[PDB]
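A quick write-up on the structure given underneath.
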Amino acid sequence: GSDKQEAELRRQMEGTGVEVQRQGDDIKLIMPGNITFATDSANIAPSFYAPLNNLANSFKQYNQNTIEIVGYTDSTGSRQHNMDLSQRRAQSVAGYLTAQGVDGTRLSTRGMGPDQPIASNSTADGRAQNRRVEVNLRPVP
């Protein structure tokens with residue numbers, strides 16, 4: 001890319017529920033919790049294996065960016081516990097991508113718990129939107 005990978009990602013993620021955002025120099029992929037994970041677990045949902053397979057192929061093909069995997073939660077419960085849970089979910093996505101052949105040295109992962117909500121934690125579907133994993137692709141020189 002950056003334009004080319006973004007267009008390839010938009011095509012592959014069509015109909016998966018994964019959102020693709022152009023964010024200045026960066027590409028951000030929003031993976032909602034309700035379609036990425038089974039229940040409130042950190043196991044990847046059966047239906048999301050093939051979308052992740054496509055993502056891994058894209059990352060392997062476009063080698064000139066870093067891959068930052070960030071887990072998020074809603075604000076219900078303890079901050080420590082949410083950071084824990086969000087870290088677990090980012091771990092699972094990163095572990096899957098590396099199993100598919102993405103160089104582990106290109107990946108970093110964080111849990112952020114309830115920080116940076118994308119919607120209101122006062123409504124049920126707002127809280128559900130905040131439970132997500134984000135993949136940020138940042139260009140390198």
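The way I read the labels, and the way they are meant: chains A, B, ... in the order of the structure tokens, residue 1 as the first residue of every chain, and ligand 1 as the first ligand shown, with later ones counted on from there.
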
Write down as a PyMOL selection string the residues of chain A whose backbone DSSP state falls under helix (DSSP H, G or I).
chain A and resi 3-12+33-36+46-61+79-99+104-106+124-130

Please provide the set of residues having any atom within 9 Å of residue 136 (chain A), restricted to only C-alpha atoms, with same-chain residues fewer than 2 positions apart removed, written as a count of residues only.
12

Please identify all polymer residues within 7 Å of residue 83 (chain A), counting only C-alpha atoms, omitting same-chain residues fewer than 5 positions from it, and present them as a list in words.
residues 111, 112 and 113 of chain A

With a distance cut-off of 9 Å and only C-alpha atoms, select the neighbouring residues of residue 34 (chain A), excluding the residue or stretch itself and same-chain residues fewer than 5 positions from it, and output the selection as a PyMOL selection string.
chain A and resi 39-40+45+128-129+131-132

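Distance annotation: of A:5, A:43, A:78, A:73, the residue with the minimal separation from residue 61 (chain A) is A:5; atom set is only C-alpha atoms.
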
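Using only C-alpha atoms, the shortest contact distance between residue 33 (chain A) and any of A:124, A:7, A:140, A:133 is found at A:133.
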
Which residues are close to region 36-38 of chain A, i.e. within 12 Å by only C-alpha atoms, leaving aside same-chain residues fewer than 4 positions away? Reply as a PyMOL selection string.
chain A and resi 16-18+30-32+42-52+71+86+88-90+92-93+96+131-134

Output for the residues just chosen: C-alpha atoms as a PDB file, in the first residue's frame:
```
ATOM      1  CA  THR A  16     -17.064 -10.303   7.853  1.00  0.00           C
ATOM      2  CA  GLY A  17     -18.030  -7.563  10.299  1.00  0.00           C
ATOM      3  CA  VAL A  18     -14.420  -6.344  10.435  1.00  0.00           C
ATOM      4  CA  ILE A  30     -11.707  -3.081  14.143  1.00  0.00           C
ATOM      5  CA  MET A  31     -12.603  -6.667  15.025  1.00  0.00           C
ATOM      6  CA  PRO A  32     -15.749  -6.699  17.207  1.00  0.00           C
ATOM      7  CA  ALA A  42     -10.363 -15.583  24.474  1.00  0.00           C
ATOM      8  CA  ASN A  43     -10.857 -18.478  22.044  1.00  0.00           C
ATOM      9  CA  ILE A  44     -11.255 -17.425  18.424  1.00  0.00           C
ATOM     10  CA  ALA A  45     -14.709 -18.087  17.004  1.00  0.00           C
ATOM     11  CA  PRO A  46     -14.888 -20.835  14.338  1.00  0.00           C
ATOM     12  CA  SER A  47     -16.287 -18.409  11.716  1.00  0.00           C
ATOM     13  CA  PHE A  48     -13.377 -15.988  12.175  1.00  0.00           C
ATOM     14  CA  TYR A  49     -10.596 -18.425  11.247  1.00  0.00           C
ATOM     15  CA  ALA A  50     -10.807 -17.700   7.528  1.00  0.00           C
ATOM     16  CA  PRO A  51     -10.953 -13.881   7.904  1.00  0.00           C
ATOM     17  CA  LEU A  52      -7.822 -14.151  10.061  1.00  0.00           C
ATOM     18  CA  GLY A  71      -7.446  -5.492  22.976  1.00  0.00           C
ATOM     19  CA  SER A  86      -8.248  -7.603  26.934  1.00  0.00           C
ATOM     20  CA  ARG A  88      -5.841 -12.366  26.701  1.00  0.00           C
ATOM     21  CA  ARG A  89      -7.855 -11.556  23.580  1.00  0.00           C
ATOM     22  CA  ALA A  90      -4.996  -9.701  21.873  1.00  0.00           C
ATOM     23  CA  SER A  92      -5.041 -15.112  20.969  1.00  0.00           C
ATOM     24  CA  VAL A  93      -5.244 -13.084  17.753  1.00  0.00           C
ATOM     25  CA  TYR A  96      -3.131 -17.264  15.511  1.00  0.00           C
ATOM     26  CA  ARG A 131     -15.327  -5.040  23.423  1.00  0.00           C
ATOM     27  CA  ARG A 132     -13.068  -5.364  20.398  1.00  0.00           C
ATOM     28  CA  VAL A 133      -9.565  -6.063  19.143  1.00  0.00           C
ATOM     29  CA  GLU A 134      -7.853  -3.459  16.963  1.00  0.00           C
TER      30      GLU A 134
END
```

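Nearest-residue note for residue 85 (chain A): choosing from A:72, A:119, A:137, A:53, the minimum distance belongs to A:72, counting only C-alpha atoms.
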
What separation in Å, quoted to one decimal, exists between CA of residue 91 (chain A) and CA of residue 108 (chain A)?
9.4 Å

What are the DSSP strand (DSSP E) residues of chain A, as a PyMOL selection string?
chain A and resi 19-23+26-32+65-72+107-111+132-139

Would you write out those residues with C-alpha atoms, as a PDB file, in the first residue's frame?
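Writing the result to selection28.pdb gives the following:
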```pdb
ATOM      1  CA  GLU A  19     -14.206  -2.595   9.876  1.00  0.00           C
ATOM      2  CA  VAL A  20     -11.303  -1.035   7.984  1.00  0.00           C
ATOM      3  CA  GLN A  21     -10.388   2.546   8.877  1.00  0.00           C
ATOM      4  CA  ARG A  22      -7.973   4.860   7.122  1.00  0.00           C
ATOM      5  CA  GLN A  23      -6.331   6.890   9.911  1.00  0.00           C
ATOM      6  CA  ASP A  26      -2.150   4.188   9.340  1.00  0.00           C
ATOM      7  CA  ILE A  27      -4.692   1.469   8.610  1.00  0.00           C
ATOM      8  CA  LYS A  28      -6.806   0.287  11.549  1.00  0.00           C
ATOM      9  CA  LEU A  29      -8.884  -2.903  11.584  1.00  0.00           C
ATOM     10  CA  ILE A  30     -11.707  -3.081  14.143  1.00  0.00           C
ATOM     11  CA  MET A  31     -12.603  -6.667  15.025  1.00  0.00           C
ATOM     12  CA  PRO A  32     -15.749  -6.699  17.207  1.00  0.00           C
ATOM     13  CA  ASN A  65       4.610  -1.803   8.315  1.00  0.00           C
ATOM     14  CA  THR A  66       4.490  -2.737  11.976  1.00  0.00           C
ATOM     15  CA  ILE A  67       1.508  -4.657  13.312  1.00  0.00           C
ATOM     16  CA  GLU A  68       0.096  -3.535  16.668  1.00  0.00           C
ATOM     17  CA  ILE A  69      -2.663  -5.695  18.163  1.00  0.00           C
ATOM     18  CA  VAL A  70      -4.647  -3.968  20.909  1.00  0.00           C
ATOM     19  CA  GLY A  71      -7.446  -5.492  22.976  1.00  0.00           C
ATOM     20  CA  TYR A  72     -10.258  -3.453  24.508  1.00  0.00           C
ATOM     21  CA  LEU A 107       3.908  -7.967  16.059  1.00  0.00           C
ATOM     22  CA  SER A 108       3.303  -6.199  19.350  1.00  0.00           C
ATOM     23  CA  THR A 109       0.256  -6.721  21.545  1.00  0.00           C
ATOM     24  CA  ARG A 110      -1.397  -4.797  24.363  1.00  0.00           C
ATOM     25  CA  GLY A 111      -4.515  -4.952  26.450  1.00  0.00           C
ATOM     26  CA  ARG A 132     -13.068  -5.364  20.398  1.00  0.00           C
ATOM     27  CA  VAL A 133      -9.565  -6.063  19.143  1.00  0.00           C
ATOM     28  CA  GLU A 134      -7.853  -3.459  16.963  1.00  0.00           C
ATOM     29  CA  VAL A 135      -5.022  -4.150  14.511  1.00  0.00           C
ATOM     30  CA  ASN A 136      -3.037  -1.008  13.704  1.00  0.00           C
ATOM     31  CA  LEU A 137      -0.746  -1.062  10.655  1.00  0.00           C
ATOM     32  CA  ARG A 138       1.833   1.723  10.797  1.00  0.00           C
ATOM     33  CA  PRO A 139       4.286   2.317   7.923  1.00  0.00           C
TER      34      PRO A 139
END
```

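What separates CA of residue 101 (chain A) from CA of residue 57 (chain A) is a distance of 8.4 Å.
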
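A straight line drawn from CA of residue 9 (chain A) to CA of residue 58 (chain A) is 7.4 Å long.
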
Residues near residue 60 (chain A), anyone? I mean within 9 Å using only C-alpha atoms, not counting same-chain ones fewer than 4 positions away, as a PyMOL selection string.
chain A and resi 55-56+101-103

Fewer than 6 positions away in the same chain doesn't count, so skip those; otherwise give me all residues within 6 Å of residue 74 (chain A), counting only C-alpha atoms, as number ranges by chain.
A: 114, 127, 130-131
